[PDB]
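[1] pasting the first chains of the complex, positions unchanged:
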Amino acid sequence: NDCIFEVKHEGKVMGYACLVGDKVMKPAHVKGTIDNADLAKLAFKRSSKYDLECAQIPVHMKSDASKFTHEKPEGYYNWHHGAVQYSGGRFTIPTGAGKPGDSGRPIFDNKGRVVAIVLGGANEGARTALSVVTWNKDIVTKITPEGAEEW
């Protein structure tokens, strides 16, 4: 646990599902079992257009929390499978670093703050762009390269 949190359901690892402050996300295409099975007894909220189901973190994960940001730099960011070249409003990974089953992985910055959450990819050959949802100072926006797929 550098910053490592999970999601897995019925014998297939559904990627990750993390905690941002008071929020536990779930990407709306992920269905099933939480990595922390005390969290499945809480009501989620569906945003199919924004592709999420959100839930309110109780008090007993206050010491388990993690930090995020609202600002956006330009450049390169670390994540668990490697690097992301974010340029021009586009997140790009080396081809094959993602896969279907990498769903709900966060992206943390060069400081550790959660900057976005993955939803899927879109291959451009030598790299592969990334369809995500971020926040942009008081709103979320679904930032999506077209032709996306469920990862």
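    The structure has been received and is ready for your questions. Residues are numbered from 1 along each chain as shown, chains lettered A, B, ... in the order given.
[2] quick one, domains of chain A?
    A:1-66, A:67-151 (CATH domains of a matching chain).
[3] Could you find the closest non-adjacent residue to the most centrally placed residue in chain A?
    Geometric centre of chain A, nearest residue: residue A:117, 2.3 Å, by CA atoms, centre = their mean. Nearest non-adjacent residue to residue A:117, counting by CB to CB, 6 or more residues apart in numbering: residue A:106, 5.3 Å away. (Each C-beta comes from the backbone N, C-alpha and C, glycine too.)
[4] Might you report the residue contacts of that neighbour?
    A:3, A:5, A:16, A:18, A:20, A:79, A:114, A:116, A:117, A:118 (CB atoms under 8 Å, 6 or more residues apart in numbering).
[5] mind redoing it with 10 Å?
    By CB atoms under 10 Å, 6 or more residues apart in numbering, residue A:106 lies in contact with A:3-5, A:15-20, A:25, A:66, A:68, A:79-80, A:114-118, A:132.
[6] Also put chain B in, sequence below:
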Amino acid sequence: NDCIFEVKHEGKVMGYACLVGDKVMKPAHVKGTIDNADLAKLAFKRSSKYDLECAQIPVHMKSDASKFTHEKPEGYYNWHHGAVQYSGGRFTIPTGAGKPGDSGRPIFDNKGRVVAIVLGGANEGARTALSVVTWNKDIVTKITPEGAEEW
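    Following on from the chains above, chain B is added here:
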């Protein structure tokens, strides 16, 4: 391939045709067909009084596309026949480094991000200035002094 993306027909090179980000360009001031016929099937939009041509890209090669920055600091930039002296809001070169038929050389700075696409030349002697298309605040413009010898 530095940034070599070209337009060719029947044996003659009619300059370049690049995919910059969202865009495939074709210089509609010069006739011909595509270089590589995998994109020959795609649509094209012609301009009438500004004489460019557009195509919406398929994603499967978009990693090879270049990046833009639509602002202009002074100095010296890179292009297919070397450096180019950009000063005074104006692009300059010695006489002969561009010939008529060099329509579309993509200009980029000392880290290689695209700022201008060249159309024609002009001179009263030795200092050829390059009539181009330009951008400002991510809007297109077409800049050409009078008496420009057309490529």
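[7] what do you get for the contacts of residue A:106 once chain B is counted?
    Residue A:106 makes contacts with A:3-5, A:15-20, A:25, A:66, A:68, A:79-80, A:114-118, A:132, as judged by CB atoms under 10 Å, 6 or more residues apart in numbering or on different chains.
[8] cool, residue A:114 as well?
    Applying CB under 10 Å, 6+ apart, the residues near residue A:114 are A:3, A:18-21, A:23, A:25, A:66-69, A:106-108, A:134-135.
[9] Name all residues that make contact with the residue nearest to the centre of chain A.
    A:16-18, A:20, A:25, A:27, A:51-52, A:103-107, A:132-135, A:140.
[10] Can you list the buried residues in whichever helix or strand it is part of?
    For residue A:117, the host element (DSSP states H and E) is strand A:114-123. Using 16 or more other CB atoms under 10 Å in any protein chain shown as the test for burial, strand A:114-123 gives A:114, A:115, A:116, A:117, A:118, A:119, A:120, A:121, A:122, A:123.
[11] Can you give me the end-to-end span of stretch A:3-19?
    With CA to CA, to the nearest Å as the measure, the first residue of stretch A:3-19 is 10 Å from its last.
[12] now for chain C:
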Amino acid sequence: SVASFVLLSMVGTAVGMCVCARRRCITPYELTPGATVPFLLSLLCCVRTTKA
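    Placing chain C onto the earlier chains gives this:
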């Protein structure tokens, strides 16, 4: 009696737009962090008006 039913349907559509507006009230700020209604729960007063 069916005029009574039609007006009951009309206020059913009134609570229908109310509940669709409530879900669309939370679609900006489900738990989208920053955790703030800048003026929306103070003026609009949509639902759960006890957040700062």
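[13] once more on the contacts of residue A:106, this time with chain C?
    A:3-5, A:15-20, A:25, A:66, A:68, A:79-80, A:114-118, A:132.
[14] what about the strands in chain A?
    A:8-9, A:12-13, A:19-20, A:23-24, A:45-47, A:52-56, A:75-79, A:82-87, A:90-94, A:106-108, A:114-123, A:127-135, A:140-143, A:149-150 (DSSP state E).
[15] What residues does the nearest residue to residue A:94 once chain neighbours are set aside make contact with?
    Leaving aside its sequence neighbours, residue A:94 sits nearest to residue A:127 (CB to CB, 6 or more residues apart in numbering or on different chains; 6.0 Å). Residues near residue A:127 by CB under 10 Å, 6+ apart: A:84, A:85, A:90, A:91, A:92, A:93, A:94, A:95, A:97, B:62, B:63, B:64.
[16] Next: residue A:108.
    Contacts of residue A:108 by CB under 10 Å, 6+ apart are A:2-3, A:18, A:66-69, A:77-80, A:114-116.
[17] Longest helix in chain C, please.
    Taking DSSP state H as the criterion, chain C has its longest helix at helix C:2-26.
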